[PDB]
Each structure stands twice: as C-alpha cells, then as structure tokens.
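Data first, discussion second: the structure below is written as structure tokens.
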Amino acid sequence: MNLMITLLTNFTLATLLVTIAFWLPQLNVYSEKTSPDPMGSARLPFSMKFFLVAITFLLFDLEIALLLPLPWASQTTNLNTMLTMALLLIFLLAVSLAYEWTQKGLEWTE
Amino acid sequence: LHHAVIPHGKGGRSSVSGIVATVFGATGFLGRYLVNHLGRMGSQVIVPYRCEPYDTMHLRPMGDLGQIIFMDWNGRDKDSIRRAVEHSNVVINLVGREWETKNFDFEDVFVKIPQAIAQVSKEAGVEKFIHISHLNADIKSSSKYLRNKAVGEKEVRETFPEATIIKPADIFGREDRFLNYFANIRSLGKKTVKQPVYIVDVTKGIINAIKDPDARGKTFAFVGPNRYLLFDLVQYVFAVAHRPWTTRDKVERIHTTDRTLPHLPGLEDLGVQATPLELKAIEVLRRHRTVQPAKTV
Ligand SMILES: NC(=O)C1=CN([C@@H]2O[C@H](COP(=O)(O)OP(=O)(O)OC[C@H]3O[C@@H](n4cnc5c(N)ncnc54)[C@H](OP(=O)(O)O)[C@@H]3O)[C@@H](O)[C@H]2O)C=CC1
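Read top to bottom, the protein sequences are chains A and d.
In terms of the entry's author numbering, the first sequence is residues 1 to 36, 42 to 115.
In terms of the entry's author numbering, the second sequence is residues 1 to 186, 195 to 252, 278 to 323, 334 to 340.
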C-alpha cells in the first residue's frame, strides 16, 4: 500500500510537471509563426543491423532470465548439480556469443 | 517642393521616394506590409510605437539606413502625436483593436485617437491624411466596433476635409484574423455574404492613394473580386486547411454581411487588380496543414 501510494505520488508529480511545462509557456501571446532535417522527404530504410542487435539483446536477456535465481540457488544441498548447471548456463550464454561472433553476426555493431 | 524630398533613383531600396510617412499603428497586421512596401521605395517612415521595442524588430529590415524612425507615443497625448507628425507629408492611421480593453474601449480607439491624429496633423501642415475604416461601418449597426468606427469616420471627415478614407471589407493574409480565425475555431453558417480583400491589394491601394493627388477627399471601398456566402467560405477554409479567445462582437461582425457600395470607388480605380482568394488562401493556410473552390453569389 505504501509502495502503491509512492508510485501514485511520483506519477502525479510527473504529470503535474509535464502539465505545467505544457500549460505555462502557452499563456504567452508572442506571435504566430508562418512556415513552421538532413533527409529531404525520403522513407527511412530498414536496417538489418539494428534489428539484429535487438534480437541478440532479447535472446541474451532470456539467458539472463535463466541466470537470475543463482544467489538463491547457491544455498542448495545438491551443490554439485547446481554448480554444473550454473556453469552450463553461463557457458551456453558464452557459446551463443561465440557463434554470434564467428559467423559474422556482430558486424558494424561489433 | 523642398530639395531633400524630390524623388531620385530607380525606386529601389536606397532610392528617395519623396514620401515622409507617419504610420500610426505600424506594429500590426496592415502596418507590417505597409512599412514593407514603403521601405522598398526608399521612404522616410516614422513608426510611433506603444509596445516594447522588441515588438518593432521586424520593422527594422524593411528599409535602408535611417529610413524607419521609431518613436514613442501615447494615444491620449496630442504632444507625442505632434512630435511624430511635424515632419511628415503623409499620415496613415492604422490604430485599431478587435476587442475592448480596460484602458481602451472602442470609443477610445476608433473615435478619439483618429480625431486627435487628424486634428493635430491638420494643425501641423500635413498635406495627406489616410484613415482606415471598415466597409460595414454604420451608426445603427449591431456591433459596437462598426458603430464607433462610423462615428470616427464622420469625425475624421469633418476635422480633416481632404482625408482619404479607405474601407477594406475583411482582410486576409498570413497574419490576419479572418482565415486564421476560421481555421482554428473548430462560428456557424448563416445567410451572410462576404467579399474578402487581400492584404497586398490593400497595401498597394493605400500607396496608390498616397501617390494620387486625385484621391484627396475621396472615400474608397477595398473589396475582393468575389462575394462568398459565409457557410461555404468557412467550409472552403476547412477544405484548404484539411480539417473536418473570442468575443461576441467578433461573432456580430462575422455574421454581418459585407455591403455593396457601388457609389464608392475601389481597387480598380487605384490601378490595383484585386487578387482572388483561390490564389492566396493556400499561401495563407499551408501553415495549418498537419480542393473545390467556393461558389460565389
Ligand atoms: N480585417 C482587417 O484587418 C481589417 C482591418 N481594418 C482596420 O484596419 C486597421 C488596422 O488593422 P489591423 O492590422 O488588423 O489591426 P491590428 O490590431 O493588427 O493593429 C493595430 C495597431 O494599432 C496599435 N494600437 C491598437 N490599439 C491602440 C491604442 N489604444 N493606442 C495605440 N495604439 C494602438 C497596435 O499596437 P499594439 O501592438 O501596441 O497593440 C497595432 O500597431 C484597424 O483600424 C482596423 O479596424 C479595417 C477593415 C478590415
């Protein structure tokens, strides 16, 4: 309840600040402006590379999602199995990175 | 004629035009393009300003060096008016408000200020005086604007008998309050007929009334080439601008039809071809963009 009140208060303060920033300078009457970029009028071409680094983030973030219960997993009584699977998951994250390296995947966003 | 006021040159920026103009209310919509068109001839323009000097900055590129002289004035003080008109050979009056304020109502703006300017310019030896009234000015009118403006017209005609009085109907331009009022209102349609006049035509008419000696003591009516009904005019403004603060006096003046005055001369007698709305309304309303032309009468 305290956390929800804190989130509500921070959202309310942010909304009030954006409200002041979009209402206070509008009350100046200065002048209307007539006839209100490097590219002229062209379509943004889709780049393969930005999408590749986005999907690479998504897959390694899933591997991070698997790695996140390790500070709780180190408390177990099957420590040989736990250490084996922890080293196996970090090794599979590293093998994903090595395959992303060696097949020209990290190129011009290296 | 004095030697310093003989026209020399080719009529460009650094030439001499022989016009020494005092434009009262030059910091508005008509004074902008009037000081522009006077300064491109090489005229000595005197701009009395009520506002902050920052709001006169756009009037400074409009002429050559020393050609626009800015000076302070109060609309209730005859002394500053005399200080501003005592060297001019033509005095143009463009002082107006669409609304009344706490310090100035329609009677303070349309009656007392033009009578004061015209009377002090009469006692200062000014040859040419130009007063700007509205086409729909009438004593028994529904709006206080047009009533006090007709009374001010009568007072200017009786205190400066050689004054040129000019009647534009509803002026449209980039900084207007006619097409931009319609484009942002998001009032209705009635049986109101309007013929709007274009601001460069009004400015060319004011200057050709400065230059013509036969325009002394005349009353002109500056109207556009096409009369439109109010509803399809407003719909054509919404069609060009790609769309689906006020007072009651502005509503009374939008729903007041523009009267036909055939006995008064117009822009065709001052050598000005009237520019239609269909050529310049795109130039006005391209700002409001995120077309079938309007039917006349
Ligand atoms: N649709 C139109 O444009 C039409 C206009 N007219 C008339 O033409 C004239 C000029 O029109 P427009 O450019 O649109 O008007 P604006 O409101 O745009 O300009 C008025 C000018 O007069 C000054 N002024 C206003 N009130 C006072 C005052 N009480 N004392 C001193 N100076 C004052 C303003 O200065 P400041 O910035 O300090 O207020 C400004 O320089 C007006 O008289 C108007 O009635 C006639 C027919 C149609």
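From the three backbone atoms N, C-alpha and C, an ideal C-beta is built for every residue, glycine too.
* **Residues that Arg174/d contacts on chain A, provided the C-beta gap is smaller than 7 Å** => The residue labelled residue 174/d in the question sits at position 174 within the second sequence. Ordered by position in chain A, the residues that pass the 7 Å Cβ test against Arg174/d are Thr34.
* Please find out if some non-hydrogen atom of ligand 1 comes closer than 7 Å to the beta-carbon of residue 324/d. => Since chain d is numbered 323 and then 334, with no step between, residue 324/d has no place in the structure shown.
* Asked: Does the beta carbon of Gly213/d fall short of 7 Å from some heavy atom of ligand 1?
  -> For the purposes of this step, residue 213/d is taken as the residue at position 205 of the second sequence. False, no ligand heavy atom lies under 7 Å from that Cβ.
* Alpha-carbon to alpha-carbon, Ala137/d and residue 330/d -> Missing here is residue 330/d: after 323, the next number in chain d is 334.
* Measure the beta-carbon distance from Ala183/d to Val245/d and round it to whole angstroms, keeping in mind my assumption that it falls under 8 Å. => Mapped onto the second sequence, residue 183/d falls at position 183. Mapped onto the second sequence, residue 245/d falls at position 237. Contact between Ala183/d and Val245/d is confirmed by a C-beta separation of about 6 Å, below the 8 Å threshold.
* To do: Please report how far the alpha carbon of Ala314/d lies from the alpha carbon of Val95/d, in whole angstroms.
  => Taking the second sequence and counting its residues from 1, one reaches residue 314/d at position 281. Taking the second sequence and counting its residues from 1, one reaches residue 95/d at position 95. Each residue's alpha carbon lies about 25 Å from the other.
* Asked: Listing by chain order, which chain A residues have their CB less than 9 Å from the CB of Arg97/d?
  -> Position 97 of the second sequence holds residue 97/d. Listed by position along chain A, the residues whose Cβ is nearer than 9 Å to that of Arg97/d form an empty set, because the closest Cβ is around 14 Å away.
* **DSSP state of residue 253/d mapped onto helix, strand, coil** => Because chain d is numbered from 252 directly to 278, the model contains no atoms for residue 253/d.
* Proximity test, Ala26/d beta-carbon vs ligand 1 heavy atom, cut-off 7 Å -> What you label residue 26/d is simply residue 26 of the second sequence in a count that begins at 1. In this structure, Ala26/d has its beta carbon less than 7 Å from a heavy atom of ligand 1.
* **Whole-angstrom distance between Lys128/d and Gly18/d, CA atom to CA atom** => On the second sequence, position 18 is the one that residue 18/d refers to. On the second sequence, position 128 is the one that residue 128/d refers to. Each residue's Cα considered, the two are about 13 Å apart.
* May I ask whether a heavy atom of ligand 3 can be found less than 7 Å away from the beta carbon of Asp170/d? => Absent from the structure shown: ligand 3. Ligands present: ligand 1.
* Can you tell me which of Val201/d, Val210/d and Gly39/d puts its alpha carbon nearest to the alpha carbon of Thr339/d? => On the second sequence, position 296 is the one that residue 339/d refers to. Answer by Cα proximity: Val201/d.
* State yes or no: is the C-beta of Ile81/d within less than 8 Å of the C-beta of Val120/d? => Within the second sequence, the letter at position 81 stands for residue 81/d. Within the second sequence, the letter at position 120 stands for residue 120/d. Contact flag set, yes.
* **Option in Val47/d, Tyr33/d, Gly42/d and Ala169/d with minimal Cα separation from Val16/d** => Looking up residue 16/d in the second sequence gives position 16. Nearest C-alpha to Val16/d among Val47/d, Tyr33/d, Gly42/d and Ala169/d: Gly42/d.
* Between the C-alpha atoms of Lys109/A and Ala70/A, what's the straight-line distance to the nearest angstrom? -> Locating residue 109/A in the first sequence gives position 104, counting from the first residue. Locating residue 70/A in the first sequence gives position 65, counting from the first residue. Going from the Cα of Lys109/A to the Cα of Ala70/A covers about 26 Å.
* To do: Going by CA-CA distance only, name the one from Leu1/d, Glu86/d and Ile171/d that's closest to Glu123/d.
  => Along the second sequence, one-based indexing puts residue 123/d at 123. That would be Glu86/d, whose Cα lies nearest to the Cα of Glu123/d.
* Near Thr22/d, which residues of its chain fall below 6 Å by C-beta distance, leaving aside the five closest residues on each side in sequence? -> Within the second sequence, residue 22/d is the residue found at index 22, counting from 1. Excluding positions up to five away in sequence, the list reads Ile46, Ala84, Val85, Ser88 and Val91.
* To do: Spell out whether any CB of chain A is found under 8 Å from the CB atom of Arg320/d.
  => Residue numbering aside, residue 320/d sits at position 287 when the second sequence is read from its first letter. Yes, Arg320/d counts as interfacial toward chain A.
* With a Cβ-Cβ cutoff of 8 Å, do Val208/d and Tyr33/d count as a contact? -> Locating residue 208/d in the second sequence gives position 200, where the first residue counts as 1. Locating residue 33/d in the second sequence gives position 33, where the first residue counts as 1. It is a contact, given that the beta carbons lie within the stated cut-off.
* Identify every residue that forms a DSSP beta bridge with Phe230/d. => In the second sequence, counting from the first residue as 1, residue 230/d sits at position 222. BP columns for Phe230/d point to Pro168/d.
* Is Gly75/d near ligand 1, with its Cβ less than 7 Å from a heavy atom? -> The count along the second sequence starts at 1 and reaches residue 75/d at position 75. Taking non-hydrogen atoms of ligand 1 into account, the C-beta of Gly75/d is found less than 7 Å away from one of them.
* To do: Kindly confirm or deny that the segment 286 to 306 of chain d and the segment 210 to 224 of chain d touch, where touching means at least three C-beta pairs closer than 8 Å.
  => When Cβ pairs closer than 8 Å are counted between the two stretches, the segment 286 to 306 of chain d is seen to touch the segment 210 to 224 of chain d, the count reaching three or more.
* Asked: Cβ of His134/d versus every heavy atom of ligand 1: is any distance shorter than 7 Å?
  -> Stepping through the second sequence from its first residue, residue 134/d is reached at position 134. Yes, the beta carbon of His134/d sits closer than 7 Å to at least one heavy atom of ligand 1.
* Integer Cβ distance of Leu98/A from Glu68/A, believed to fall under 8 Å -> By one-based count along the first sequence, residue 98/A stands at place 93. By one-based count along the first sequence, residue 68/A stands at place 63. Sure, about 4 Å apart at Cβ, within 8 Å.
* Compute the minimum distance between the beta carbon of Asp55/d and the heavy atoms of ligand 1, and state whether it is under 7 Å. => Sequence index remark: in the second sequence, residue 55/d carries index 55 (1-based). With a threshold of 7 Å, the Cβ atom of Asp55/d counts as near ligand 1, since some heavy atom of the ligand is closer than that.
* **Simplified DSSP assignment, three categories, for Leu196/d** => Stepping through the second sequence from its first residue, residue 196/d is reached at position 188. If DSSP states are grouped into helix, strand and coil, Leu196/d belongs with coil.
* Asked: When we look at the beta-carbon of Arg147/d and count the other beta-carbons within 10 Å, is it buried (16 or more) or exposed?
  -> For this step, residue 147/d is matched to residue 147 along the second sequence. When all chains shown are included, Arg147/d counts as buried.
* If you run the structure through DSSP and keep just helix, strand and coil, what is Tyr145/d? -> Along the second sequence, one-based indexing puts residue 145/d at 145. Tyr145/d falls in the helix class under three-state DSSP.
* Asked: Closest to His58/d by CA distance: which of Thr27/d, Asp64/d and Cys51/d is it?
  -> Here residue 58/d is taken as the residue at index 58 of the second sequence, counted from 1. Per the Cα distances, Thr27/d.
* Between the Cα of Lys78/d and those of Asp55/d, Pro48/d, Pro61/d and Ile69/d, spot the shortest distance and give me the residue it belongs to. => Within the second sequence, numbered from 1, the residue matching residue 78/d stands at position 78. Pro48/d is the residue among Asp55/d, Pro48/d, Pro61/d and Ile69/d whose C-alpha sits nearest the C-alpha of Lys78/d.
* Could you check if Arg13/d is buried or exposed, using at least 16 other CB atoms within 10 Å of its CB as the buried criterion? => Taking the first residue of the second sequence as position 1, residue 13/d is located at position 13. Exposed is the call here.
* Reduced DSSP category for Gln44/d - H, G, I as helix; E, B as strand; rest coil -> Taking the second sequence and counting its residues from 1, the one referred to as residue 44/d is at position 44. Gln44/d falls in the strand class under three-state DSSP.
* Asked: In three-state DSSP terms, what is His37/d?
  -> Position 37 of the second sequence, counted from the start, is the residue given in the question as residue 37/d. The answer is helix: DSSP assigns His37/d an H, G or I state.
* **Cβ-based neighbour list, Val35/d, same chain, cut-off 8 Å, excluding 5 preceding and 5 following** => Counting from 1 along the second sequence, the entry for residue 35/d is found at position 35. So the list reads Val23, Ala26, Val45, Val47, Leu59, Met62, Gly63 and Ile68, once near-sequence residues are dropped.
* Asked: Just the Cα atoms here: how many angstroms apart are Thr34/A and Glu316/d?
  -> The count along the first sequence starts at 1 and reaches residue 34/A at position 34. The count along the second sequence starts at 1 and reaches residue 316/d at position 283. Straight-line Cα distance between these residues: approximately 10 Å.
* Asked: What is the residue span of the beta strand (DSSP E) that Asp72/d lies within?
  -> One-based indexing of the second sequence puts residue 72/d at position 72. Looking at the DSSP string, the run of the beta strand (DSSP E) that includes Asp72/d is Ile68 to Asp72.
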